[PDB]
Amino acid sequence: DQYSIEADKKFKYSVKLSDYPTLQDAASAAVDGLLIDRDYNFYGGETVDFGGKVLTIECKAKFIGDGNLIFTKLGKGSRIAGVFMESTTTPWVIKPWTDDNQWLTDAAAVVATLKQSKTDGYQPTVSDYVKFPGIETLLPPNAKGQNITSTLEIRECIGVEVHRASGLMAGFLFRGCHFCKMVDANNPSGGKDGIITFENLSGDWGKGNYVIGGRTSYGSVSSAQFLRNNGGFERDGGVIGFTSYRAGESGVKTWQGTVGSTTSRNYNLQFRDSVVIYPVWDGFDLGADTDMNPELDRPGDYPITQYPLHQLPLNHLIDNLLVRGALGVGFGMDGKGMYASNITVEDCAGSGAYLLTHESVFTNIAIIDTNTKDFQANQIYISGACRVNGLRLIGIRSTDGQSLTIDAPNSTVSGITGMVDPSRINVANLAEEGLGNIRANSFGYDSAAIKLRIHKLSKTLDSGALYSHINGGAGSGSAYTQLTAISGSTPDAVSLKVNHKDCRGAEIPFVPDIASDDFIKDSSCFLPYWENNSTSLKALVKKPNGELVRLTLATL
């Protein structure tokens, strides 16, 4: 009896699943630790009551089952580590990319990829019918409407963290939770449902809910997603340090519109220091209102009368995000009064950025080789009256067609860099107000150029230029400077030159016939013109007093 007293005081308490017939039996026995040391086959909806205990759940085996294993009544501070979810069903999956990692877009080609596997692809859903037009008709019935996910559901808990989770056809659902985290996800391979979901459609708005670190792969829909979460002014929630690969829909998604009877939208979350690669749809989908065929109202949210569609004060903190390889859109937002910074998007088949934003500011944005499949009208679209400060455009891809690169018709932009085709820029105002003394350095040409283009006049033709051109060859120490203007849609049609052929003189264009009175603009100026009938140059003079006189300028 004496040893048992000492033993009870000196040893760490932990129960292990190998000692119990059911997970509930183990949960009931647990006091401090719970070890999952044997695989456990659960039935869909199997529910475990943890009695409000603050438990440290250490997983060293699998939870096996289609459907949801539901954890309830875990005490604040509970931790679940190393969990591995696996379905019983091996579904039919598609793999819409090649052995060289080229996206497949042809429906028949995608159908040909069908195999039964728990990974290396995903179960088709109805969004695939849109993504791969014609695939709905071509998919065999056994590959349509599948619904396989093995989901760990944390239900109505506060202060629970799931660490280093993994699995096959695996999902993680936090339903009605607060102050919960999915930490260092160990590359679970997804199933039919979202891989990581914070859903708060009932009860209080979700808060304190984060994805921190880790990564996921595959899944039929989005990798990390939020419904009805509001981080407060404290920005207590969101996604930080996360990587998503090959989402069947999007890497990171804040839901839009009405789900069930209420709002699925999200406010005041962080989206930072994260990476989304090769999503079938979008990299980051951070809008709150429905784009196509929107609801006319927002039950449970601000009414349309207060904030028009796409003008919600979402107020997310969005910074240092990278996207590569989207088959859809790299980076999507809506809202009014938004800020986003340090966003880099590369090699996307649809728009790099699709921004349904108004009175918003975008700082240091890089959109590099996007809309490569011409899925959208442009590489970056901005609907409302926004500011862009720093915009890198164009990597190494050319564009064969007529699509715009940036269409931001109400936006004021500064600091574009890259080999953009200037005819493919459309903005409200473009300006470099604060440059210093400037030098234009020309390589691979016999001239250097400072060109002007008035887009109201022509988007495709420069209206005037300042050139410097080599006289002779390399090392001559001689160039001529040229000031030009467009006429008859012919760039550089009319020009004044300084030092052509090293002559040390100015070559001055004159009106080729009798100049009309209205040709001269300013007082105390003269305009030379040709009088062919005498082989003479004349001068139309507007005198200092503004009155016109015609003089003889040069004679035989």
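When you see a residue number, it is the position in the sequence shown, counting from 1.
Engineer: Going by the B-factors listed in the PDB entry, is the mean over the C-alpha atoms higher for 59-67 or for 489-497?
Structural biologist: That would be 489-497.
Engineer: May I ask you to compare 28-36 and 516-524 by their mean CA B factor in the entry and name the higher one?
Structural biologist: The recorded data point to 516-524.
Engineer: Highest Cα B-factor in the deposition, which of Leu152, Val323, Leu104, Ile416?
Structural biologist: Max CA B-factor in the entry, restricted to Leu152, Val323, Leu104, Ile416: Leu104.
Engineer: Sort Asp291, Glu161, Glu359, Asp273 by C-alpha B-factor from the entry and give me just the highest.
Structural biologist: Each of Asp291, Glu161, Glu359, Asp273 was compared by C-alpha B-factor; the highest is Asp291.
Engineer: In terms of the chain's CA B-factor thirds, is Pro299 lowest, middle or highest?
Structural biologist: CA B-factor rank for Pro299: highest third.
Engineer: By the recorded C-alpha temperature factor, relative to the other modelled residues in its chain, which third is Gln116 in?
Structural biologist: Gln116: CA B-factor falls in the middle third of its chain.
Engineer: When the deposited Cα B-factors of this chain's modelled residues are ordered and cut into thirds, is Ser166 in the lowest, the middle or the highest one?
Structural biologist: For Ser166, the deposited C-alpha B-factor lands in the lowest third.
Engineer: Can you work out whether the C-alpha temperature factor of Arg397 puts it in the lowest, middle or highest third of the chain?
Structural biologist: Its C-alpha B-factor belongs to the highest third of this chain's values.
Engineer: Thinking about Cα B factors across the chain, which third does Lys451 belong to?
Structural biologist: As the PDB entry reports it, the C-alpha B-factor of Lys451 lands in the middle third of its chain.
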